[PDB]
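Examination of the molecular architecture
Here is how the chains run, residue by residue.
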Amino acid sequence: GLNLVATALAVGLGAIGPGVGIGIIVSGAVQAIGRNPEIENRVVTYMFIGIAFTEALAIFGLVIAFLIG
Amino acid sequence: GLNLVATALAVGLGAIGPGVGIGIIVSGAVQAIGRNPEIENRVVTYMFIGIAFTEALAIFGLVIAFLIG
Amino acid sequence: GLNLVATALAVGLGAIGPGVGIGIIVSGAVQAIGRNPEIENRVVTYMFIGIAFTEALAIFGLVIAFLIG
Amino acid sequence: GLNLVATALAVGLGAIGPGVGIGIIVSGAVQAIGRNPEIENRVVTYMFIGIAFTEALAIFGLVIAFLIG
Amino acid sequence: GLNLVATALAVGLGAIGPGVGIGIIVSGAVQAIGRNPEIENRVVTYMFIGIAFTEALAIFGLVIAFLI
Amino acid sequence: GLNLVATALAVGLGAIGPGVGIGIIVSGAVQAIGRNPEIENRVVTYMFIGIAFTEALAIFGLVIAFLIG
Amino acid sequence: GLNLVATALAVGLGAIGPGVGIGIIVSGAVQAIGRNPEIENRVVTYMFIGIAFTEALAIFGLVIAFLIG
Amino acid sequence: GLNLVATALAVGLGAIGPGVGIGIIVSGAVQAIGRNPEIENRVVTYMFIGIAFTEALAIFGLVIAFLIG
Amino acid sequence: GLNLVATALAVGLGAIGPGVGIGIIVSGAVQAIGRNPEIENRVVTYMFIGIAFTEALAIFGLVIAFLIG
Amino acid sequence: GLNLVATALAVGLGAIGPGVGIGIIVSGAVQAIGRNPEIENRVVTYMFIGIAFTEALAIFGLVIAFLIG
Amino acid sequence: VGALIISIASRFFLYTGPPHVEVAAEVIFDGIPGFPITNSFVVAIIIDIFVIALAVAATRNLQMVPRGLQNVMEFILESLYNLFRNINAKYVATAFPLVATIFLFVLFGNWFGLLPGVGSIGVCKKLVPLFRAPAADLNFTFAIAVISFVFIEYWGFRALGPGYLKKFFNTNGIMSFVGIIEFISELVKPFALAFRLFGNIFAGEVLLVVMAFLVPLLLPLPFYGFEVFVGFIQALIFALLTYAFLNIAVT
Amino acid sequence: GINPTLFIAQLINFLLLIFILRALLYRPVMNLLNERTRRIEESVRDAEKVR
Amino acid sequence: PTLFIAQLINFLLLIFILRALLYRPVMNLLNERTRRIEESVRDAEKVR
Amino acid sequence: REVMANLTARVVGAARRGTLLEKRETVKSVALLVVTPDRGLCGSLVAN
């Protein structure tokens, strides 16, 4: 049953990084909005593309684990 | 019992990043509202969005661990 | 006896994250409160929400560990 | 022997988060104290709340190790 | 099944650090925009050249994962 | 030789968290003292309290390592 | 498959430190640009120097992995 | 050879924490010095106390590794 | 093939730390330069020596990795 | 061949922390010098000893790796 | 109150009574030829008719003066409308029906998944459980995800032209490298949302069941309330992320 | 096992759901939100008109 | 089985603790809301 | 005076030269402050 450990390691190690990344993203976004309330329309765009790339990074490992499953 | 270690790692690993991300988001949002009280009603939404992204990564780890178990 | 190390790994790797998460939550909350103690309840509410979410992830790790235990 | 390794991991791992969260809590609390001395009782109470929350996970890991022992 | 755990470790450890890199990049970009929206045209380009380099290592990890 | 590896894991893993916690504590306390020297007594007392907490959490692993060894 | 897991471990671990380093480099350079557009090329040169150092470390990891595989 | 792996793990894991702790201590102390140099004689003492604590943890790990060796 | 995974682990772990260190160094240096372009050469000298010291550990790890490989 | 992986692990885990610590030291020192140019004389004299303390852990790791080898 | 925390009731049949786990990823109820209707499908149907009845009661004799059910329904709808206007104000009404129905149905399904009887009531022979949360079925979460993906793709083709050069292909610069990653992330988005909702409800069901296995009494009181919060937050964020993806695709 | 026919059946269920709930509630409730907004707007215009 | 009564009384106590924490707060989000609503409607009652 | 000179030396970008420091274009309204004696007998000063 080594494939079970393989999937476990894939999913576990493909999320510890992206979670901190998303946290840093939206924390910086919230701080910037609080400092500069006027500029919100376009900064959220960069926040969300960063979120999308980080989520894609995590889902790469998730999909690899599902393939192994 | 390799399946036991597999499901232990799938949940253990993959939840480290979500916790730190939740903490970073909470700290950033709290600081932002402390500096900018009136935008709290608008920025708590993005705070919860980031928190739920992190919890979503954690939940991916959890469900994969349950499937392995 | 691999169940023992599986449980230990689950507990450890599910607890290291939430500790840092709650630590950042409390640090941000106390910093913001010190910056302006005028607004207190509308900050402590989100502080406790973050603490509850992080402790919920910790208890997820705890219960999945106890399943093997 | 696994039992001993599991005890070491349960004591060892699961205390890193409750080794850094407490430190971040205390650093934030002393920073707020230096920034605001007259709010000492409130910030110390919330610091103790955070310390108790972190020590909860620490004691959970320790008692799990004792059970593994 | 050492190939399976190999691919797993490759993808996971290639997602560990580059994810944090993406996050720090975007946080810095948002901070700069909040402090100075008028430098957007150049700062977003700097962010993009940075984010491509940061994602390059993740792309390498995925390539090695697919090769295995 | 597995119990020796268990002792190594207990000692090494039991200091990762407390070391960083003590470091963050001392950094925050010293930065606050530089910001405000007159709050040095209270900052040093809370610094000692936090360092004692982290040291006790390190001793939790140290005693287990001694028992195994 | 120990060669395969060795190659994978080399690539995966070698991508962590350089990735976080590039991220911190770009964040610091971007924040400096936001605070000072007039030193743009001068700080961009150092940003590229740091990125080149991190990329050189990553290339060392990748080429070691290629040699192993 | 498990003794060799035990020494390696002990020396490694008992240095990663104290190293970051010492780094944080020195960064905070230097920042406080930059804020105020005249508080050097007072902040350097606690800086050395923190450095001594972290180095004591590291030396404990190294000595246990030497005993295993 | 234990030598292969040993080499891989050595290179990866020797790249993990120095990358982050170099990144923090360059971020701080560029931040200072943006704050104070007038002492650019003075701070950049310290930046280069710090980068060399950080790269020293990467070189050590890569050297041991080559020796094993 | 477990000695090979043992020494590789020792040299690897002896670097991930001290590199980050030295990087934090240099970043803080450069920032402090940017804030205060003329106090570089007393900033650098502490920065070097801090770097030496942080690198002592890495040197312990390397000498132990040599002994294992 | 004082110090009456005794927890005497908690120490009642810690693990002797209830079954160990008794959980499943997907179950089938069937009952008719052709389509094997599932119990999750049954909960979808009952929540559908329940929200229909609640709606008709809300729309029963609409008055200029809100009161009771009408007042709270208007509260939820107008709060959601303002929240979506806070992100984008040009494509609110277009996506408002889909967004609102997704949010409300997901919320009510998550809340019904926590009612007693969900894991207890089951037809026989093995005991296949009845009353399964609709989000616990991948067939439903993937359906919502693909519906949202079709909606966002159609509206992003309708507005801003069918170009998509930012994500399809670029001539020079790093935008060529950026465009492919944007396409990959866009493809990832529906699967990510589906797995998010499905897991965040199914894991909650598993946790409440297995906590009902061990010390069944008085311990899961906060976790049930937390699970209510988890379901509500999931229902809200699904809609919010759908609208945010729509807006960024418009941009 | 996920069945594409059952997947499409979930799509038909959600189609019934969205269409019937929308027609029976949301257009009445869009009339309600328009009622409050349009009525406040009537109040405002009549306010400056009466002064 | 025990799960039936366990879920029954745990959910009834969930509703009861929800009542304890949010009876006057459910009133805060319903009764005070309709007070806000009638405050809003009185203005254009007067304006006619 | 020299504090303001030092501060505006650093704040040189137009984006951050906002609020009171902004050099507005297309001037439309201008306010003038006049300080005068409260009492007469000042000679031509008030008239000037």
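- Its PDB header names cryo-EM as the technique used to obtain the model and reports a resolution of 2.96 Å.

**Comments concerning the overall build of chain N**
- Scanning chain N from N- to C-terminus turns up two helices and zero strands.
- Overall size of chain N, expressed as C-alpha extent along the three principal axes, is 50 × 30 × 15 Å.
- Residues counted as buried form 0% of the 48 residues belonging to chain N.
- Of the roughly 5,200 Å² that chain N leaves accessible, carbon and sulfur atoms contribute 59%.
- When the 8 positive and 4 negative side-chain charges of chain N are each reduced to one mean point, those points stand 4 Å apart.

**Topic: the overall build of chain K**
- Across its full length, chain K carries six helices and two strands.
- Sequence-ordered secondary structure for chain K, helices as α and strands as β, is α-α-α-β-β-α-α-α.
- Projected onto its principal axes, the C-alpha positions of chain K cover 70 × 55 × 50 Å.

**A closer look at the interface of chain J and chain I**
- The partner chain I presents 34 residues to the 35 residues of chain J that form the contact.
- Listed by contribution, the elements that provide at least two residues to the side of chain J that touches chain I are α1 (2–13), α2 (16–35) and α3 (40–68) of chain J.
- The greatest single-element share of the side of chain J that touches chain I, amounting to 14 residues, is contributed by α2(J).
- Classifying every residue of the side of chain J that touches chain I gives 24 nonpolar, eight polar and three charged.

**A closer look at the interface of chain B and chain K**
- If you look at the interface, chain B gives six residues, while chain K gives seven residues.
- Its residues assigned to classes, the side of chain B that touches chain K comprises six nonpolar, no polar and no charged.

**Looking at the arrangement of the chains**
- Separated throughout, chain A and chain D approach each other most closely at a C-alpha pair spaced 14 Å apart.
- Regarding chain E and chain J, which are not in contact, the minimum distance between any of their C-alpha atoms is 13 Å.

**Overview of the packing of helix α3 (residues 92–113) of chain K against helix α1 (residues 4–50) of chain L**
- Across the interface, α3(K) lies against α1(L) with an axial gap of 10 Å and an inter-helix angle of 105°. Taken together, the axes of α3(K) and α1(L) lie roughly perpendicular to each other. The residues of α1(L) that touch α3(K), namely those facing K:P97, K:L98, K:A100, K:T101, K:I102, K:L104 and K:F105, are L:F14, L:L17, L:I18, L:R22 and L:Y26.
- Taken together, the residues that form the contact of α3(K) with α1(L) break down as ten nonpolar, one polar and one charged.

**Focus on the packing of helix α1 (residues 2–12) of chain D against helix α1 (residues 2–35) of chain F**
- Close contact between α1(D) and α1(F) brings their axes to 8 Å; oriented N to C, the two are set at 0°. As summarised for this structure, α1(D) and α1(F) are arranged roughly parallel, according to the angle between their axes. For the pair α1(D) and α1(F), contact is made by D:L2, D:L4, D:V5, D:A8, D:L9 and D:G12 and by F:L2, F:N3, F:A6, F:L9, F:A10, F:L13 and F:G14, respectively.
- Class assignment of the residues belonging to the contact of α1(D) with α1(F) gives a composition of ten nonpolar, three polar and no charged.

**Here's the deal with unusual backbone geometry**
- Phi at K:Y164 is positive, roughly 55°, even though this residue is not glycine.
- Relative to the helices and strands, K:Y164 is located in the loop between α4 (138–158) and α5 (175–213).

**Points about the pattern of salt bridges**
- Across the salt bridge formed by D:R42 and C:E40, the nearest N and O atoms sit 4.0 Å from each other. Here the residue D:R42 occupies a position in helix α3 (residues 40–68), and C:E40 occupies one in the loop between α1 (2–35) and α2 (41–68), the pair thus bridging two chains.
- Across the salt bridge formed by G:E40 and E:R42, the nearest N and O atoms sit 3.5 Å from each other. Residue G:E40 is located in helix α3 (residues 40–68), and its partner E:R42 is located in helix α2 (residues 40–67); the two belong to separate chains.

**A word on the environment of J:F48**
- Take J:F48: it is sitting in helix α3.
- Remark: the alpha-carbon pair of J:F48 and J:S27, spanning 21 residues in sequence, is separated by 13 Å.
- In this structure J:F48 touches I:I49 and I:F53, once residues within four positions along its chain are discounted.

**Here's the deal with α1(L)**
- End to end, α1(L) covers 64 Å across 47 residues, agreeing with the expected 69 Å (1.5 Å per residue, within 8%).
- Of all the bends in α1(L), the greatest measures close to 50° and is centred on L:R22.

**Here's the deal with the packing of aromatic side chains**
- The interplanar angle of 75° and the centroid separation of 6.4 Å between the aromatic rings of C:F48 and D:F53 together place this pair among those described as edge-to-face. Taken together, the residues C:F48 in helix α2 and D:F53 in helix α3 connect one chain to another.
- The ring of M:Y23 has M:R19 lying over it, and the distance from NZ or CZ to the ring centre is 4.1 Å.

**Some thoughts on the environment of F:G14**
- Structurally, F:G14 is set in helix α1.
- As for F:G14 and F:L62, which are separated by 48 residues in sequence, their C-alpha atoms are 7.3 Å apart.

**As for the environment of H:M47**
- Locating H:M47 in the fold gives a position in helix α2 (residues 40–68).
- In the structure, H:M47 is positioned 19 residues away from H:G28 in sequence and 8.8 Å away in space, judged by C-alpha atoms.
- Beyond its immediate chain neighbours, meaning those up to four positions away, H:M47 contacts F:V26, H:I25, H:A29 and J:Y46.

Cut-offs applied
Residues numbered from 1 in each chain as written, not as in the entry; some residues may be left out. Chains lettered and ligands numbered in written order. Part of a larger assembly, values for the part shown. Heavy atoms only, no water. Residues with missing side-chain atoms left out of burial classes, pairs and counts. Helix = DSSP H or I, 4+ residues; strand = E, 2+ residues; numbered from the N terminus. Buried < 20%, exposed > 50% of the residue type's maximum accessible area, 1.4 Å probe, protein only. Areas by Shrake-Rupley, 256 points an atom, 1.4 Å probe, with all protein chains shown as cover. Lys, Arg positive; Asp, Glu negative; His and termini not counted. Charge placed at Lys NZ, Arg CZ, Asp CG, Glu CD. Contact = heavy atoms within 4.5 Å. Nonpolar A, V, L, I, M, F, W, Y, C, P; charged D, E, K, R; others polar. Axes fitted to C-alpha atoms, helices over the stretch in contact; angles between N-to-C directions. Parallel < 35°, antiparallel > 145°, perpendicular 65-115°, else oblique. Salt bridge = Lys/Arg side-chain N within 4 Å of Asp/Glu carboxyl O. Expected span 1.5 Å × (residues − 1). Bend = angle between axes of the 7 residues up to and from the residue. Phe/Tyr/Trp six-rings, centres within 6.5 Å; stacked < 30°, edge-to-face > 60°. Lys NZ or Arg CZ within 6 Å of the ring centre and 35° of its normal.

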